[PDB]
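**Q** Got a structure for you, questions after.
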Amino acid sequence: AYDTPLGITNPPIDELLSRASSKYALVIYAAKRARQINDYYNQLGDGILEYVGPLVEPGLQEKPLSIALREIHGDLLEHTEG
Amino acid sequence: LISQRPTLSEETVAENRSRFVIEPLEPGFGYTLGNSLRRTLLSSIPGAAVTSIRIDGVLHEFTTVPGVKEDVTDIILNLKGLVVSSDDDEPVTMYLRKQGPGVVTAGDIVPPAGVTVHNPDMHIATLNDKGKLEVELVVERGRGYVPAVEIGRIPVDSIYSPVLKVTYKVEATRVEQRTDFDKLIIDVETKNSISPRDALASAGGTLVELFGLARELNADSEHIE
Amino acid sequence: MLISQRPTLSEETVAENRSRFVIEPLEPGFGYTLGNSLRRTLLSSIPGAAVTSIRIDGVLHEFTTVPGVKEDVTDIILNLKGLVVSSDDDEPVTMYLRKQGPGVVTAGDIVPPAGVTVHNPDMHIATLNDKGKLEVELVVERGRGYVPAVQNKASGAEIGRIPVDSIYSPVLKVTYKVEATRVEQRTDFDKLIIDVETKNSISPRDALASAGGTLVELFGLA
Amino acid sequence: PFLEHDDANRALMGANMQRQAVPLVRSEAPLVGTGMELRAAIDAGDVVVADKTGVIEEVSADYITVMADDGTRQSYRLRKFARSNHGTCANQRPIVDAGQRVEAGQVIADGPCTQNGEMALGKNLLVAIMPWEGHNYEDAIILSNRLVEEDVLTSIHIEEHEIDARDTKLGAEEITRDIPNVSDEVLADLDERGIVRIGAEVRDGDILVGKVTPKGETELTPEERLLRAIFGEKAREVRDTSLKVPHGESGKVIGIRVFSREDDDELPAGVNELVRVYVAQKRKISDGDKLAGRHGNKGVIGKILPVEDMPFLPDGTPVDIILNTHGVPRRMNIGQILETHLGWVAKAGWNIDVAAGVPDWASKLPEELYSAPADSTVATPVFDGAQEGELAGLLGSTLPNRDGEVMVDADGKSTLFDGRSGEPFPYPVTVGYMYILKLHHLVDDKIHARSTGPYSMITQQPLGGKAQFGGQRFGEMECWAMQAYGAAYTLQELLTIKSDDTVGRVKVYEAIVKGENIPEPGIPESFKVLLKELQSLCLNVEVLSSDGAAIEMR
Amino acid sequence: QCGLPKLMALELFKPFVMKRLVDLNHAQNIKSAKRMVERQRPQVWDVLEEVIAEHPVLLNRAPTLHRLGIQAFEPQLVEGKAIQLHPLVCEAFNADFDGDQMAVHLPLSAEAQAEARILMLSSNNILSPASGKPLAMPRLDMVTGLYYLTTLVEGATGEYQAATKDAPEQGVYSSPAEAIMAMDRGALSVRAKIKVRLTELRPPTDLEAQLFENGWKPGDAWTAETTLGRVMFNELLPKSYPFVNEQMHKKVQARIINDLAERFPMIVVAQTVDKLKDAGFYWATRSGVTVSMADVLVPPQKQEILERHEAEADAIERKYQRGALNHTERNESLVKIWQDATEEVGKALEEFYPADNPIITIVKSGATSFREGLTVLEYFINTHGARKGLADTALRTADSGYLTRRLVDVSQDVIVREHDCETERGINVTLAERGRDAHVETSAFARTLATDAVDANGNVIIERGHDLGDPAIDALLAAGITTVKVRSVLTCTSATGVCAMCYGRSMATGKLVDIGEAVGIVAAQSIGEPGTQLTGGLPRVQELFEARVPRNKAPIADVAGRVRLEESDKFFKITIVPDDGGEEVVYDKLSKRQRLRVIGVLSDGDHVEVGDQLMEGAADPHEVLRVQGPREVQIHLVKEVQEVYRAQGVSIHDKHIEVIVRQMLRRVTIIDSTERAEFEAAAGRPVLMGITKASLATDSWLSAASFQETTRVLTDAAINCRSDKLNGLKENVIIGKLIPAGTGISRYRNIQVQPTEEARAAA
Ligand SMILES: [Zn+2]
């Protein structure tokens, strides 16, 4: 085991890299999803779009980027690379 | 004087392992009482353990015991793990004697009235073919950990205290205006004779009682809430 | 092998401001841990008995001089830091100091109000000459430890007052030593001795009693 | 001291850092010094010297008068809290009394970094040379909170601010109390003229001098005029130009110098009134400040433990600073170790206990250093100083404390008690007294932070406002490191919306306050300026699109 | 984590806290929230720790040499005005604590934060992206602390003793907890040789197999003889890691951290290094390491014996003058005395210093004579040389930064563009020679095999396209294979940049390089950073990367055959008799001051191959190009370049140099009607050119204009009417576009994020 992660180090990058191609794809992967979540808490997505998530049970005041990372860790979303 | 209401929280690591946290302490009470807590839990809780034992067949023989796979040294280390609560205070001599090929597992030792073994599944030794083993072991209550000090009598190290391993660490929390408030973390692994919670109460009770000797000099001083 | 004989705390005396304390006996490896556990408490949470702010009618701030006085205001503040006072207080009570003509102003010249007392009147504050006149009032408060300047922008003190670093610590120097006798010779036990010293604001016994009450109240079991 | 032992590098470093020290409020003389202290101080000119032998007639914090036997009558006005060229307070202290009879060339008053006539650039502190739980790591240092409580390393620092009222293109500046849009509380500490009252405490942003200059055609916004009539506040005529304290600064106001025009005076053409405010600060020795000794050893204050949890001698006497063993082998820095031991010798005195002659090591010694009381000052001139043998001998002789116990052995070590665990440190640790200095590098002056702030005119990049809020430079090399990580977005963010994006940084701040997503970066103004520079050079450049032919910024 | 002054974190997050304390009915409008932060009302602090939570910040210290010079951290509000930096990242930032300052940058957009948490996180960057070795490894106090913790002291207090005639073994203990209790009392010394039983630790691989084979102990008991320290130490390592039982040196800890970095995710390595930090520091204090006079002082025998041997050198000169000189007898004799005294003082000092002396302890662990005092004249002479080192150090930093910029200027556009180009081309590696090579770690480690590794016995070990981990090197060494063919960026056929396979393992990640990696810049930094340690130094390096003719040219064999060495006072003459046998090749002009090449020395009649170097010095790279061809040139340049750095003890993986060298042979000269791709769709010869000339030949004109002399580039560009396609990353930096690397690649930035229909149902 790896004991337990504290804050930013959770979830581990290794368990997250299995969900995407490279560490870079992981970035855009969670980045755009964070933009999606924060739109949901606001009025999203203006015209013709409806925000989705949070798929996982959000923390107390968890940051949307921190939510998109847990969602990717649980395979709750799939992505396609261009 | 009045403090800021430090709390006592406990998180259970295992059945006999739990860590405690006190939050928040004033800088820098974390280390003040911290080291004194570990010292009180470890060497200030009453408990019974084995003092010396004698095994039939070994008087001048140092290395081996015939008819048993475990050597002399390895056999002692097993008995050291024996946890038994004896309220008799004085040295009681229990007897364990099993014959024939088999596994002696403490449950075979007949405890005299007043002593109770708490780990009946403990592996003491393995028995060889058509072999018997009669073991006599002394057990007297004690405190802390007293090292080892008649023909064929072997004094053994005595693990008197139920607490087996204790360690503590300190951190900083409680932002507000001052972010250097202390948080006390203490890690205690206890044997099944008493729970980690009770061990803390005993250690805490003995400390307050011990520090009551300075209080009695004058109960009117200010101290803290 | 529970050799049971409750610990005993007997006082002593070495000087008037400090006196030794011996506690015997208890388990080995307990002296050092218990000794420093009180020391860390003495050197910190012993309540005072300290001066907060002061006001010199002639001056408006801390970086000026007084006609005739030899020490500048900032140097008189550093001399006043050596004041060891004690007060029942419970509220900010102001002291007063008025001196005139040639001579030497000391702590004795300070008139303490009802309920407070100055325990070192022989301390030197400032030296005045013919043209030297010093009128200064001092606000005494009760606390513990060390609190930095109570700037009059956080509080509402106006331009007159000049806050000063306060030091509520009756305890001066503390140490200890252990002499565990017959470590396993027959039966093992240790006994510690503490050397507590105060600033004359209170006695070593009262301080140690205040520290004892602090630790006793602190070790909570629930 | 012990210059012959330190390497030229550290010696050069030591000399440079000696002149980097700051004057302390107390100014304690070095316990172990050389010979130049006395001569260097009086020759610097920052110490008051008596020109003619005689006797003092008056001694006051303001001046000192001496009645020479000749009959002449000389007086000396003392610099009191005079700001130096870089904000260091220079305060002179009288060291003489009324009836004292003083000889010519004697020292009457101590300067800023002097005590009793000799330079005192630092303080004597109790040192322990043991690594302490990683807080004194590499070159970091840990101090006892005593240095803050007892103001031993506290130094005053004075700052000068200035404002001017002159004639301008469309009007003449007028420094007045009345400020356009302000509450009565912000002006509460201003006087009738508009300048901060003496002795007032000023926080970051508070007004020091209220100046007002004419503003041209208002042409205000209607949304503002409506509130004007609603709350009946007449839109004042001219703009606000007040002198506030720079961000991150604070202190008390010492003095104010007002130079007016009605009062003839003499100011540059157009200037009507000229006032300058002097602000002082009492700087406690804070974690982050830079200390150093005379041997080139330097390091910041990594932490400051309470006096309770600090390695203390058997006396209970806590050590002041804990210094790790910086000197790796070959690197050495031997001179530092020597003055540390001598520091303890000079602090506790000594007595060779001569019986049947004197030891062979003291043969080279002159009589005078045989017996010495506690707290005695010593002088070991550079090349001609104490020697190894003589040292160890002095180590042997050490007057005990009260009760007669001994605190240091012949090896200069002692068994210290960890102020936290309470248990002693297993091995004996080297303790002593070393003369350390407080260097001009101070945290209060070097801490900078900026969210938003002023921007330059030519290049729209974040400009360090004269108040403060200067932005950090993301140089070319940092960009390389950013490209190395592949963080394309972080790099773009730095070179655009965080700097040159005229409409970007405003929409980002807007988006942050609302809680919206951060918008896409625009065109950095630097690039737009680049194209203009090219065109001015007659280079017709066109930012061609994939299918849009030519494009322009506009 | 990182310590951030509250005031700094406040002004930094000012917009954030303003919104939060407005969402909370503390302030009613934005303006009310601004003053609430500016005046620092005590109500904001609680709001600040929330906005700061899980919000990463970037730390940087100038100068920035490698990418690790900037890392992300979790901001912790700390009292004071200073920045608290973790003691392990100091190596990376090269940050002293003698007043050093660091900068803080606040990533804003979601992409930026993602890049910080994932790419630039401190704990994710442990290995040096230049040598693969670990940088977060403990150092200084942490080393001596662990060295003292695990050292074994004979005759310790609680030392183990074999069972005597009337007593059993007294050194055995039930569990590690008992030893701890025995340690608290005066019974057990941490550095004793006790033997104890362990249940939750791992035994050595070799020893266990005997005790088990059924399976490694999860809760099984087993007894081995160690020190309590070594036991407490292994508790720090992962539970799955086998026991070590050794006194830990930098290398051992370096050897161990590496070994465990390959077999565990970095989170396990990150936590393991942190635990070593605590232990190292904790025991560094209890180590008893302190300096004093008795620790330094002087070995009195040295000063006495030095005056003894000095007399032998003076009287020898007396004997030399009369007629006993005998030429070289003096020079050798004086050396024998000087070295005999020099060697005699080492013993007189090493044997005089205790084995556990604090100075010696620090030296042995690997964390890292004015004692008598010098007179007036002695100190003057010492200054003459000391000032040259400070001035010489001023020139070391300037040129290294001027070289690193040209390096970056030529290799910045090099990035991985595809997973595999599928070319069989590769380069052979010497790989051991003992019959292990000294430089297999720089050229062989972290490579990919272009061909399988075949043993003479017919057993294939390690298949082509394998990572070639150090275990693979040993497995290869087991079969005794001397050479191995390996993929390289020198042979990669990728139309754009390079491919992952050809490049190989990323030194930072320890895994295969990610597609987006911009390796060119990482290579430039990996080469420019150590330039500060150059003394055969920095000028030699620039001589190589710039393709200038060598300072002192050296000839190469133009053909194969025998050699005729001719001795003439004017010059050395080397004639080569080919094995054709055709026209002889004459190398008449030769300066004797250049010496000969070493095999013994090249003698008369020896055999020479087509690419051998005939005389000592530097061969003209343009010469070896037309002789051996482009591929062998690149092998040569990397050979010489690496030999310079290796001379200074600098570990740079060949791939970094190769990335730079690849960009020199990328163009050909057009003798009759430039890059290679144009010819496939009129004869040209392979060309070798320096980095500066190559960089100026890039397709981007504003990129080349920013490099050197903007006028000529601008004039030539304006006349040619060139058009920049914004292909490189420098261009996008200038105009503010997303660089075509890392998160800027099209395949990465065009990703679509849609939640699986199954997840939306859970809601
Ligand atoms: Zn390839």
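Protein chains in written order, with the authors' numbering: chain E, 25 to 106; chain B, 2 to 150, 158 to 233; chain A, 1 to 222; chain C, 586 to 1139; chain D, 440 to 807, 838 to 904, 911 to 1010, 1027 to 1090, 1098 to 1171, 1182 to 1189, 1202 to 1283.
Even for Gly, the Cβ is constructed at its ideal location relative to N, Cα and C.
(1) Taking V76/E and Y64/E to be in contact with their CB atoms under 8 Å, please state how far apart those CB atoms are, rounded to whole angstroms.
(2) Can the beta-carbon of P170/A be found less than 8 Å from the beta-carbon of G48/A?
(3) Please report how far the alpha carbon of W929/C lies from the alpha carbon of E12/A, in whole angstroms.
(4) Considering only heavy atoms of ligand 1, does any lie closer than 7 Å to the CB of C441/D?
(5) Looking at the structure shown, is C1064/C part of a helix, part of a strand, or coil, going by DSSP?
(6) Figure out for me which residue from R98/A, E184/A and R161/A has the closest Cα to the Cα of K837/C.
(7) Using a Cβ-Cβ distance under 8 Å, would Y680/D count as near chain E?
(8) What does the Cβ neighbour count give for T589/D, buried or exposed, with the cut at 16 atoms within 10 Å?
(9) I need the DSSP call for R556/D, collapsed to helix, strand or coil.
(10) If we ignore side chains and look at the alpha-carbon of each, how far apart do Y648/C and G702/C end up?
(11) Does ligand 1 have even one heavy atom less than 7 Å from the beta-carbon of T892/D?
(12) To be precise: take each residue of the stretch 1052-1064 of chain C, compare its Cβ to all Cβ atoms of chain D, and keep it if any distance is under 9 Å. Which residues remain?
(13) Considering only heavy atoms of ligand 2, does any lie closer than 7 Å to the CB of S981/D?
(14) Taking a Cβ distance cut-off of 9 Å, strictly less, list which residues of the stretch 105-124 of chain B are near chain D, in chain order.
(15) Looking at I167/A and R20/A, is the spacing between their C-beta atoms short of 8 Å?
(16) Could you name the residues of chain C that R59/E contacts, counting a contact when the two beta carbons are closer than 7 Å?
(17) Once the 5 residues before and after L1100/D are set aside, which same chain residues still bring their CB inside 6 Å of it?
(18) Can you list the beta strand (DSSP E) stretches of 3 or more residues lying completely in the stretch 915-987 of chain D, in chain order?
(19) With a CB to CB cut of under 8 Å and the five nearest residues on each side skipped, what residues in its chain are close to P944/C?
(20) Could you tell me the distance, in whole angstroms, from the CA atom of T127/A to the CA atom of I680/C?
(21) Three or more C-beta pairs under 8 Å: does that hold for the stretch 1043-1062 of chain D against the stretch 1071-1087 of chain D?
(22) My understanding is that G1003/D touches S1149/D, with C-beta atoms under 8 Å, so please give their C-beta distance in whole angstroms.
(23) Secondary structure at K191/A, three-state DSSP: helix, strand or coil?
(24) Residues of the stretch 783-800 of chain C in Cβ contact with chain A at a cutoff of 8 Å, in chain order, please.
(25) Please list the partners that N36/B has in chain A, where partner means a Cβ-to-Cβ separation under 9 Å.
(26) Can you name, in chain order, every residue of its own chain whose Cβ lies under 6 Å from the Cβ of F1002/C, other than the five neighbours on each side?
(27) At the 8 Å Cβ level, is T910/C part of the contact set with chain A, yes or no?
(28) Under 7 Å: does the beta carbon of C1064/C sit that close to some heavy atom of ligand 1?
(29) Are the C-beta atoms of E1107/D and some chain E residue less than 8 Å apart?
(30) Taking 8 Å as the threshold, find out whether the stretch 506-518 of chain D comes into contact with the stretch 179-190 of chain B through three or more Cβ pairs.
(31) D195/A versus chain C: which residues are under 8 Å apart at the beta carbon?
(32) What residue ranges within the stretch 809-864 of chain C form continuous beta strand (DSSP E) runs of no fewer than 3 residues, ordered along the chain?
(33) To the nearest angstrom, how far is the alpha carbon of residue 561/C from that of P7/B?
**A** On the basis of the data shown:
(1) Position 52 of the first sequence, counted from the start, is the residue given in the question as residue 76/E. Position 40 of the first sequence, counted from the start, is the residue given in the question as residue 64/E. 7 Å between Cβ atoms; contact.
(2) On the third sequence, residue 170/A is found 170 positions in, with the first residue counted as 1. On the third sequence, residue 48/A is found 48 positions in, with the first residue counted as 1. Contact check for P170/A against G48/A passes: the beta carbons are separated by less than 8 Å.
(3) Residue mapping note: residue 929/C aligns to position 344 of the fourth sequence, counting from 1. Residue mapping note: residue 12/A aligns to position 12 of the third sequence, counting from 1. Separation of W929/C and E12/A (C-alpha to C-alpha, rounded to the nearest whole angstrom) is 32 Å.
(4) Locating residue 441/D in the fifth sequence gives position 2, counting from the first residue. Not under cutoff, so the answer is no.
(5) Locating residue 1064/C in the fourth sequence gives position 479, where the first residue counts as 1. In the three-state reduction of the DSSP assignment, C1064/C falls in the helix class, which pools H, G and I.
(6) As a position in the fourth sequence, residue 837/C is number 252, starting the count at 1. Minimum Cα-Cα distance from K837/C among the listed residues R98/A, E184/A and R161/A corresponds to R161/A.
(7) Residue 680/D sits at position 241 when you count from the first residue of the fifth sequence. With respect to chain E, the C-beta atom of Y680/D has no partner C-beta closer than 8 Å.
(8) Mapped onto the fifth sequence, residue 589/D falls at position 150. Classification for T589/D: buried.
(9) Stepping through the fifth sequence from its first residue, residue 556/D is reached at position 117. Helix.
(10) As a position in the fourth sequence, residue 648/C is number 63, starting the count at 1. As a position in the fourth sequence, residue 702/C is number 117, starting the count at 1. Each residue's Cα considered, the two are about 18 Å apart.
(11) The residue given as residue 892/D occupies position 423 in the fifth sequence. At least one heavy atom of ligand 1 is nearer than 7 Å to the Cβ of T892/D, so yes.
(12) If the cut-off is 9 Å between Cβ atoms, the stretch 1052-1064 of chain C has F1054, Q1057, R1058, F1059, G1060, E1061, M1062, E1063 and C1064 near chain D.
(13) This structure does not include ligand 2; its bound ligands are ligand 1.
(14) Along the stretch 105-124 of chain B, there is no position whose C-beta sits under 9 Å from a C-beta of chain D.
(15) By one-based count along the third sequence, residue 20/A stands at place 20. By one-based count along the third sequence, residue 167/A stands at place 167. Against a cut-off of 8 Å, the Cβ pair of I167/A and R20/A comes out as no contact.
(16) As a first step, residue 59/E must be located in the first sequence, where it is residue number 35. The answer, in chain order, is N1102.
(17) Stepping through the fifth sequence from its first residue, residue 1100/D is reached at position 602. In chain order, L1087 place their CB closer than 6 Å to the CB of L1100/D, counting only its own chain and leaving out the 5 sequence neighbours on each side.
(18) Within the stretch 915-987 of chain D, the complete beta strand (DSSP E) runs of at least 3 residues are 959-961.
(19) Locating residue 944/C in the fourth sequence gives position 359, where the first residue counts as 1. Taken in chain order, the residues that qualify are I937 and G978.
(20) Here residue 127/A refers to the residue found at position 127 when the third sequence is read from its first residue. Here residue 680/C refers to the residue found at position 95 when the fourth sequence is read from its first residue. Distance between the alpha carbons of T127/A and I680/C: 12 Å.
(21) In short, these stretches touch, since the Cβ pair count reaches three.
(22) Start at 1 with the first residue of the fifth sequence, and residue 1003/D comes out as number 528. Start at 1 with the first residue of the fifth sequence, and residue 1149/D comes out as number 651. About 15 Å separates the two Cβ atoms, so there is no contact after all.
(23) Numbered from its first residue, the third sequence carries residue 191/A at position 191. In this structure, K191/A counts as strand in the three-state DSSP scheme.
(24) Within the stretch 783-800 of chain C, the residues whose Cβ lies closer than 8 Å to any Cβ of chain A are, in chain order, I783, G784, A785, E786 and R788.
(25) Counting from 1 along the second sequence, the entry for residue 36/B is found at position 35. One finds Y32, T33, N36 and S37 in chain A with Cβ atoms closer than 9 Å to the Cβ of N36/B, taken in chain order.
(26) Here the question's residue 1002/C lines up with position 417 in the fourth sequence. Excluding positions up to five away in sequence, the list reads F897 and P1009.
(27) Here the question's residue 910/C lines up with position 325 in the fourth sequence. False, the Cβ-Cβ gap to chain A never drops below 8 Å.
(28) The residue you call residue 1064/C lines up with position 479 of the fourth sequence. Flag unset: Cβ of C1064/C not near ligand 1.
(29) One-based indexing of the fifth sequence puts residue 1107/D at position 609. Closer than 8 Å: no.
(30) Under the three-pair Cβ rule at 8 Å, the stretch 506-518 of chain D counts as touching the stretch 179-190 of chain B.
(31) Against the third sequence, residue 195/A aligns to sequence position 195. Per Cβ cutoff of 8 Å: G901.
(32) Runs of the beta strand (DSSP E) inside the stretch 809-864 of chain C: 824-829 and 836-844.
(33) Since the first residue shown for chain C is 586 and the last is 1139, residue 561/C is missing from the structure and cannot be characterised.
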